[PDB]
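> Opening piece of a complex, kept in its complex position:
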Amino acid sequence: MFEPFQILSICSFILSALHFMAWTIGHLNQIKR
Amino acid sequence: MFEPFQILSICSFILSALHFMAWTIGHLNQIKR
């Protein structure tokens, strides 16, 4: 945690994974199994 | 405000919260209460 910019990196990473997560489900709509 | 990169961090954060804000409402469409 020496670099303060780490907080921005981790935050962006989390928001990035969650962004594609919701999007993927959105486009998929139905679970389809 | 020692680090100049802070301006980019704060800006992104604000734009991030506002991005999900509009999106959430968009997907929700109706208030539903």
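Thanks, I have it. Residues are numbered from 1 along each chain as shown, chains lettered A, B, ... in the order given.

> In chain A, what residue comes closest to chain B?
Proximity of chain A to chain B (CB to the nearest CB) peaks at residue A:8, 4.9 Å away. Using the backbone N, CA and C atoms, a C-beta is placed for each residue, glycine as well.

> so where does residue A:27 fall, helix or strand?
helix A:6-28 (DSSP states H and E).

> Other residues contacting that helix?
Helix A:6-28 has contacts (CB atoms under 8 Å, 6 or more residues apart in numbering or on different chains) with B:5, B:9, B:12-13, B:16, B:27.

> to the structure above, add chain C:
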Amino acid sequence: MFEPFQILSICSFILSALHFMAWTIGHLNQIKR
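Putting chain C together with the chains above:
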């Protein structure tokens, strides 16, 4: 241009303005005048 991170800041800024630009038009659909 002393800070190299500037390139990432400027790029993100440009992509941010263009992102909301297309989105706004997308949601608006019709020009409506």
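
> Restrict the helix holding residue A:27 to CA atoms and write it as CSV.
The C-alpha trace of helix A:6-28 is given here as CSV (Å, rounded to 0.1, in the frame of the first residue of the first chain):
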residue,chain,number,x,y,z
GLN,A,6,-3.3,1.7,-5.8
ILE,A,7,-6.7,2.7,-4.3
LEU,A,8,-7.8,4.0,-7.7
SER,A,9,-6.5,0.8,-9.5
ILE,A,10,-8.3,-1.6,-7.1
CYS,A,11,-11.5,0.5,-7.3
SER,A,12,-11.4,0.6,-11.1
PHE,A,13,-10.7,-3.1,-11.3
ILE,A,14,-13.7,-3.9,-9.1
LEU,A,15,-16.0,-1.6,-11.0
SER,A,16,-14.7,-3.1,-14.2
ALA,A,17,-15.5,-6.7,-13.3
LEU,A,18,-18.9,-5.6,-11.9
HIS,A,19,-19.6,-3.6,-15.1
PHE,A,20,-19.1,-6.5,-17.4
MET,A,21,-20.9,-8.8,-15.0
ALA,A,22,-24.2,-6.9,-15.2
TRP,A,23,-23.8,-6.2,-18.9
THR,A,24,-23.2,-9.9,-19.7
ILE,A,25,-26.4,-10.8,-17.8
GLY,A,26,-28.2,-7.9,-19.4
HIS,A,27,-27.4,-9.1,-22.9
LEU,A,28,-28.0,-12.7,-22.0
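
> following sequence is chain D, add it:
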Amino acid sequence: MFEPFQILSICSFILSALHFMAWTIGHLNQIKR
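Adding chain D to the chains above:
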């Protein structure tokens, strides 16, 4: 690779190009040729 923030820059760049890539196809829907 002297600057550690480079990893975040490269990652964002890749995710940015892939984001617009899928979006463009999404809006286009049909290939149209």
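
> Go back to the contacts of helix A:6-28, now with chain D?
For helix A:6-28, contacts defined as CB under 8 Å, 6+ apart pick out B:5, B:9, B:12-13, B:16, B:27, D:5, D:7-8, D:11-12, D:15, D:26.

> go again using 7 Å as the cut-off
B:9, B:16, D:8, D:15 (CB atoms under 7 Å, 6 or more residues apart in numbering or on different chains).

> What remains of those if I keep only buried residues?
Neighbour counting by 16 or more other CB atoms under 10 Å in any protein chain shown classes B:9, D:8 among the contacts of helix A:6-28 as buried.

> Which residue is it, in chain A, that comes closest to chain C?
Across chain A, the shortest distance to chain C (CB to the nearest CB) belongs to residue A:5, at 8.3 Å.
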